[PDB]
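Working notes for the structure below.
Using ideal geometry, Cβ is built from the backbone for each residue, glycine included, and neighbour counts are taken over all protein chains shown. All of the numbers you see were taken from the coordinates with simple rules; none came from a lab.
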RNA sequence: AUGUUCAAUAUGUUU
RNA sequence: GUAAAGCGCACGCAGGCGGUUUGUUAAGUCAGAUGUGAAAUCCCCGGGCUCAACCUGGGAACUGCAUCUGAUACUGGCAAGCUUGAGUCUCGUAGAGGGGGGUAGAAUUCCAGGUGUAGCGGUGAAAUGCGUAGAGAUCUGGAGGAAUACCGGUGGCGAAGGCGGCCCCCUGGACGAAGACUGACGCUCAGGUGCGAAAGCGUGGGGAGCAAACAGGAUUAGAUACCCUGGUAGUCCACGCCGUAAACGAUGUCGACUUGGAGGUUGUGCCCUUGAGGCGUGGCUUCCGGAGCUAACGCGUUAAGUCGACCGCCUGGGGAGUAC
Ligand SMILES: [Mg+2]
Ligand SMILES: [Mg+2]
Ligand SMILES: [Mg+2]
Ligand SMILES: [Mg+2]
Ligand SMILES: [Mg+2]
Ligand SMILES: [Mg+2]
Ligand SMILES: [Mg+2]
Ligand SMILES: [Mg+2]
Ligand SMILES: [Mg+2]
Ligand SMILES: [Mg+2]
Ligand SMILES: [Mg+2]
Ligand SMILES: [Mg+2]
Ligand SMILES: [Mg+2]
Ligand SMILES: [Mg+2]
Ligand SMILES: [Mg+2]
Ligand SMILES: [Mg+2]
Ligand SMILES: [Mg+2]
Ligand SMILES: [Mg+2]
Ligand SMILES: [Mg+2]
Ligand SMILES: [Mg+2]
Ligand SMILES: [Mg+2]
Ligand SMILES: [Mg+2]
């Protein structure tokens with residue numbers, strides 16, 4: 001009954017990419033906006049919006065490189081039934097480094113490479129390959 | 001059941017005003033009125049299992065609202081249970 | 001815009017959901033195609049036709065319905081190209097190896113009917129042989145003198161002639177097809193959203209492709 | 001109309 | 001789903017999980033440090049036995065634990081909110097949803113009577129059987145019980161089981177439009193609790209028809225079967241007990257997202273209602289099919305597709321779902 005909106009955001013992205021929808025809109029949130037910022041800077045998603053005040057909607061523009069999706073596989077790792085925190089040296093390497101692993105660290109939500117650069121780990125939100 | 005006049009009387013008696021009809025006290029009072037009412041219907045219609053299912057749904061709804069009221073504000077909880085005649 | 005013709009709208013509720021960006025707003029249970037997207041892709045198809053006929057071309061024309069047949073014949077023969085105005089034989093291109101032999105048999109029958117011995121044999125055998133030649137011309141008339149393999153396939157009905165589309169796709173021969181509202185616009189390399197039922201619309205299409213390939217002939 | 005049963009077995013190749 | 005495997009169905013305590021914002025804490029989490037984590041062993045760089053095994057020097061590791069100082073993104077606790085979840089109220093709609101009571105008609109059977117007469121009944125064919133003591137057939141009157149033709153519909157309602165003549169009484173749920181209202185009060189659920197077809201059991205009624213068992217007649221090699229003629233429990237009612245079904249969409253519940261087509265049913269808004277029409281918007285529902293998935297069959301917005309929460313279950317076939 002909607003017990004992981006982060007996974008719902010991820011599966012919305014996945015379904016939209018599979019259905020070749022240009023945009024995907026969802027109930028926005030601060031964590032969702034952080035993750036979408038991470039994806040937009042890392043190149044897996046086009047620009048996005050957080051429009052709306054009393055019931056905000058997050059509108060993400062999806063990317064298609066040739067005719068195929070850019071987001072290959074976006075997998076939720078730390079689901080609310082099993083939380084997964086990793087140390088600095090234990091942070092994963094999705095697709096042997098050429099994919100990202102969005103992780104929430106004390107200095108905000110950042111990718112695996114960024115968390116390793118900053119020397120701290122956290123809660124592994126998701127694997128975006 | 002629990003005709004418009006009786007339920008509006010309970011609303012006015014248990015709420016902020018007559019417009020305030022969704023507050024926990026009014027919801028619990030309406031469920032309690034309906035339960036006390038249906039006790040008579042199930043006094044002789046013992047084999048009305050399909051209606052008693054809805055009655056038990058009402059009982060569980062009233063208990064969930066009472067738990068919410070208790071862990072939300074204990075003063076209102078005590079006031080409502082003593083004003084309504086509850087606790088076994 | 002409506003440059004000419006009646007290719008602005010066609011098939012009803014039987015629309016392929018994949019033909020969404022070209023359906024314009026169907027008015028009365030009939031899906032109108034968006035000309036604002038039809039005309040630029042049509043000129044793109046014609047530009048690729050110009051380019052591939054600059055390479056001396058081998059442009060098959062695949063129209064098999066009882067509307068497109070004679071227009072296809074006229075357009076292909078008017079320019080110089082090859083055509084299929086009847087049922088598409090399964091394997092004309094992918095199984096070209098054994099259809100080359102039926103074409104050779106057709107040409108043998110034809111040269112014998114011209115200056116051979118179709119007259120100096122049994123009357124029954126002879127009628128059988130002229131009827132077999134008739135079948136071979138009715139089917140392989142356009143591919144008769146068609147050298148080797150094609151270079152592009154102008155298909156008129158993507159839904160009706162989808163065996164030719166699928167047969168060109170696995171050979172990589174490009175496909176310029178008129179994709180109606182009820183058709184599958186996937187095997188088509190260069191789609192041309194339009195009407196098919198209208199003989200006049202298909203004649204517009206065939207005049208366009210004939211003129212453009214004649215241009216490309218340098 | 002109804003109308004039962006049947007014990008266990010071979011096989012074989014290249015520039 | 002069909003290979004073993006979704007509890008029959010729901011309710012619900014512990015339990016697990018939990019919408020959105022701000023503040024606060026710092027428990028989890030993360031970072032560093034201190035102490036420790038015996039030695040050997042394992043590993044790495046060497047070094048000594050002619051080599052190697054072996055020995056040994058120095059590291060590394062001992063992925064752990066508690067304490068200290070820090071971060072506050074996420075999880076958690078507290079405080080305050082918020083409304084998109086979830087509920088409440090107003091009006092209305094449809095419905096074999098349930099419980100109680102009362103009637104209606106058709107028909108079967110029996111009884112009493114009239115006409116009338118030698119057949120009836122049954123089958124593959126017969127016979128048992130009923131009939132001159134007068135059947136069967138036909139009409140009149142009465143009794144009694146059970147089920148409700150037509151409507152009737154891949155229609156409706158219900159958590160499932162299941163529920164269809166009409167009427168009344170008591171009652172549950174669902175959905176729709178517009179608004180207000182409370183403000184996460186939610187999802188799931190081991191144990192537990194309740195409902196749970198048919199058969200069956202107990203007590204008391206009832207008993208038309210049908211009919212296990214039973215009897216007879218056939219069939220047969222035999223026929224403790226199919227078939228025929230009868231026929232008792234039972235089927236019915238009240239209240240208890242059982243608690244199981246191929247209790248089955250063989251598909252747990254809840255939520256989110258992802259092309260379409262043809263319907264059915266029940267709401268609702270508007271437009272030319274310039275009719276019963278057109279255009280939308282909801283709930284439930286039947287069939288076909290796209291992507292995807294699948295061993296395939298097939299499922300396919302009511303998924304067996306893409307995910308999240310919780311639960312139940314499976315681990316070769318028999319033995320055996322038996323034994324104790
Ligand atoms: Mg024998
Ligand atoms: Mg099985
Ligand atoms: Mg089930
Ligand atoms: Mg609980
Ligand atoms: Mg939360
Ligand atoms: Mg801490
Ligand atoms: Mg040691
Ligand atoms: Mg040495
Ligand atoms: Mg050390
Ligand atoms: Mg915190
Ligand atoms: Mg917090
Ligand atoms: Mg408020
Ligand atoms: Mg249980
Ligand atoms: Mg019981
Ligand atoms: Mg029974
Ligand atoms: Mg009994
Ligand atoms: Mg019998
Ligand atoms: Mg069972
Ligand atoms: Mg059943
Ligand atoms: Mg089952
Ligand atoms: Mg299907
Ligand atoms: Mg047993």
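In Å, what is the Rg of the alpha-carbon atoms in the protein assembly as shown, and how long is Dmax?
In order Rg, Dmax, the Cα atoms of the protein assembly as shown give 36.4, 120 Å.
Considering all projection directions equally, how large on average is the shadow of the alpha-carbon convex hull of segment A:5-69, in square nanometres? Could you put the intermediate results ahead of the total?
Numbers: hull surface 16.2 nm².
One quarter of the hull surface, i.e. the mean projection, equals 4.0 nm².
Once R0 is set to 51 Å, what does the formula 1/(1 + (r/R0)^6) return for the Cβ-Cβ distance between residue C:119 and residue C:36, expressed as a FRET efficiency to the nearest 0.05?
That gives a FRET efficiency of 0.25.
Can you list the equivalent-ellipsoid semi-axes of segment C:1-115, largest first and in whole Å, using the square root of 5 times each Cα gyration tensor eigenvalue?
For segment C:1-115, the ellipsoid semi-axes come out as 36, 18, 14 Å.
Starting from 0.36 nm per residue, how many nanometres of slack lie between residue C:94 and residue C:137 once their C-alpha separation is accounted for? Can you show the working numbers first?
Working: separation 43, 0.36 × 43 = 15.48 nm, distance 2.03 nm.
Length gained between residue C:94 and residue C:137: 13.5 nm.
Would you compute, from DSSP H runs of 4+ residues alone, the mean residue ellipticity of chain C at 222 nm, taking -39500 (n - 2.57) per run and dividing by the full residue count, rounded to the nearest 500?
On the way: 6 runs with 96 residues, N = 218.
Calculated at 222 nm, the ellipticity per residue is -14500 deg cm²/dmol.
If you fit an axis through the alpha-carbon atoms of helix A:30-42 and take the longest principal axis of the Cα set of chain A, what angle between them do you get, 0 to 90°, nearest 10?
Approximately 80 degrees, to the nearest 10.
Report the gain in length on full extension from residue A:120 to residue A:2: 0.36 nm times residue separation, minus Cα-Cα distance, nm rounded to one decimal. Walk me through the intermediate numbers first.
Numbers: separation 118, 0.36 × 118 = 42.48 nm, distance 3.04 nm.
Between residue A:120 and residue A:2, full extension yields 39.4 nm more.
Counting other beta carbons within 10 Å of each residue's own, what order do C:14, A:127, C:205 fall into, fewest first? Kindly include the intermediate steps, with their values, before the conclusion.
Values: C:14 10, A:127 21, C:205 27.
In increasing order of surrounding Cβ atoms, one gets C:14, A:127, C:205.
Taking N as the number of residues in segment C:105-218, what is its alpha-carbon radius of gyration divided by 2.2 N^0.38 Å? Write down the numbers at each step before the final one.
Values: Rg = 18.5 Å, N = 114, 2.2 N^0.38 = 13.3 Å.
Compactness ratio reported: 1.39.
Counting other C-beta atoms within 10 Å, which of B:16, C:27 has the fewest, and how do the rest follow? Numbers along the way, then the final one.
On the way: B:16 12, C:27 9.
Ranked by crowding around the Cβ, least crowded first: C:27, B:16.
Using a 10 angstrom cutoff on alpha carbons, build the Gaussian network for chain B and name the most mobile of B:27, B:61, B:39.
Most flexible of the set in this elastic network: B:39.
Please work out how much length the chain gains when fully extended from residue A:65 to residue A:18, using 0.36 nm per residue of separation minus the C-alpha to C-alpha distance, in nm with one decimal. Walk me through the intermediate numbers first.
Values: separation 47, 0.36 × 47 = 16.92 nm, distance 1.34 nm.
My answer for the length gained is 15.6 nm.
Of A:95, A:26, A:110, which has the largest mean-square fluctuation in a 10 Å C-alpha GNM of chain A?
The residue with the greatest mean-square fluctuation here is A:95.
When DSSP beta bridges are limited to those with both residues in the protein assembly as shown, what percentage is antiparallel, rounded to the nearest 5?
On the way: 26 of 38 bridges.
Here the antiparallel bridges make up roughly 70 percent for the protein assembly as shown.
Among B:5, C:215, rank each residue by its count of other Cβ atoms within 10 Å, from fewest to most, as a rough exposure measure.
Going from least to most buried by this count: B:5, C:215.
Let's test the formula: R0 of 30 Å, r as the Cβ-Cβ distance of residue C:105 and residue C:14. What FRET efficiency results, to the nearest 0.05? Don't jump to the answer; show the numbers that get you there.
Values: r = 40 Å, r/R0 = 1.34.
About 0.15, to the nearest 0.05.
Report the equivalent ellipsoid semi-axes for chain B in whole Å, largest first, defined as the square roots of five times the eigenvalues of the gyration tensor built from alpha carbon atoms. It would help to have the intermediate numbers written out before the result.
Working: eigenvalues 109, 52, 22 Å².
With the √(5λ) rule applied to chain B, the semi-axes are 23, 16, 10 Å.
Any idea how far apart residue B:44 and residue C:54 come out in nm if each label point goes 7 Å out from Cα toward Cβ?
Going by the 7 Å Cα→Cβ label model, 9.8 nm.
Compute the angle between helix C:199-216 and the longest alpha-carbon principal axis of chain C, please, reported from 0 to 90 degrees and rounded to the nearest 10.
Here the helix axis deviates by roughly 80 degrees.
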